[PDB]
Amino acid sequence: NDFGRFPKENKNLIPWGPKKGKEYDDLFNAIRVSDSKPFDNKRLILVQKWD
RNA sequence: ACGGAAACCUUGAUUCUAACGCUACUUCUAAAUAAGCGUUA
């Protein structure tokens, strides 16, 4: 989206939301990702950032 | 020492019976708690 002070993403490129008088066209409402069953704290470590 | 005197337009009566402010309607739609590590030493 170049119509602005600095560029940003075009959120309307993949259509989402309801439209007035138009058929519902949300693709990523059809993809529904559930979360995980909780795992244990025995699987956790204390890593550090290296660049 | 009057066409005059005496005489309640009065008694008893429920503006009452029956009737759902009800029927239908997702607070809904997309969205990684994530990005940047320069320069000096």
Side-chain angles (χ1 to χ4, degrees):
Chain A
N1 189 358
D2 291 331
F3 304 116
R5 186 179 295 275
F6 321 112
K8 61 198 208 83
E9 200 204 344
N10 194 14
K11 308 282 195 183
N12 311 332
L13 189 66
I14 309 174
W16 67 269
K19 264 89 182 177
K20 182 175 174 66
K22 313 207 63 50
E23 180 74 34
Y24 191 51
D25 202 7
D26 212 335
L27 183 63
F28 281 92
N29 189 21
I31 303 158
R32 298 157 179 187
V33 187
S34 179
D35 63 358
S36 296
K37 294 181 176 67
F39 51 91
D40 210 11
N41 308 270
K42 300 294 187 291
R43 307 300 306 163
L44 292 180
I45 62 170
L46 183 63
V47 311
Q48 187 204 15
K49 170 169 193 172
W50 299 68
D51 278 351

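All heavy atoms count here, side chains included; hydrogens, waters and symmetry mates do not. Chain letters run A, B, ... following the sequence lines, proteins first, then strands; residues in each count from 1.
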Given side chains that start at C-beta, do those of A:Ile14 and A:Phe28 come closer than 4.5 Å, heavy atoms only? yes
How about A:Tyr24 and A:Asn29: do any of their side-chain heavy atoms sit closer than 4.5 Å? yes
Would you mind calling B:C8 syn or anti? Take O4'-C1'-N9-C4 for purines or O4'-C1'-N1-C2 for pyrimidines, and syn is within 90° of 0. syn
Adjacent bases B:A31, B:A32 meet stacking criteria of 5.5 Å and 30°: no
Between B:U39 atom P and A:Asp51 atom CG, what is the distance in whole Å? 13 Å
Here the distance between atom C1' of B:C37 and atom NZ of A:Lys49, to the nearest Å, is 7 Å
To the nearest angstrom, the CD1-P distance between A:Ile31 and B:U29 comes to 15 Å
So, going by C1'-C2'-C3'-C4' where positive is north and negative is south, B:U10 is north
Nucleotide nearest A:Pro18 when distance is taken to its side chain, options B:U29, B:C37, B:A31: B:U29
Are there over 12 heavy-atom neighbours, none belonging to A:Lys11, within less than 6.0 Å of that residue's NZ? no
Mind calculating the distance between CG (A:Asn12) and P (B:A31) to the nearest angstrom? 14 Å
Distance check, P atoms only: B:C2 and B:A6, in whole angstrom units. 15 Å
Indicate yes or no for a side-chain donor-acceptor contact from A:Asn1 to the backbone of A:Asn10 under 3.5 Å, with no hydrogens or angles considered. no
Quick one: closest heavy-atom pair of A:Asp26 and A:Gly17, and the distance? OD2-N, 3.3 Å
Please report the distance, rounded to the nearest Å, between CG in A:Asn1 and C1' in B:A30. 16 Å
Given the rule that positive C1'-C2'-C3'-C4' is north and negative is south, which one is B:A31? south
Taking a positive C1'-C2'-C3'-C4' angle as north and a negative one as south, how is the sugar of B:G21 classified? south
Please measure how far the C1' atom in B:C37 lies from the corresponding atom in B:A41, and state the result in whole Å. 16 Å
Using whole Å, report how far CH2 of A:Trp16 lies from P of B:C28. 15 Å
Could you please name the option among B:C37, B:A31, B:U29 that lies closest to any side-chain atom of A:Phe28? B:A31
Checking one value: the base orientation of B:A24, syn if chi is within 90 degrees of 0, otherwise anti. anti
Which nucleotide wins on minimum distance to the side chain of A:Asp26, given the candidates B:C37, B:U29, B:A31? B:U29
Round to the nearest Å and state the distance from A:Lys11 atom NZ to B:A32 atom P. 7 Å
Are A:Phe39 and A:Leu44 close enough that some pair of their side-chain heavy atoms sits under 4.5 Å apart? yes
B:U29: north vs south, judged on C1'-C2'-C3'-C4': north
Does the pair B:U10/B:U11 satisfy a centre-to-centre distance of less than 5.5 Å between six-membered base rings together with a plane angle of less than 30°? yes
Read from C1'-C2'-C3'-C4', is the pucker at B:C28 north or south? north
Distance check needed: B:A31 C1' versus A:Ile14 CD1, whole Å only. 11 Å
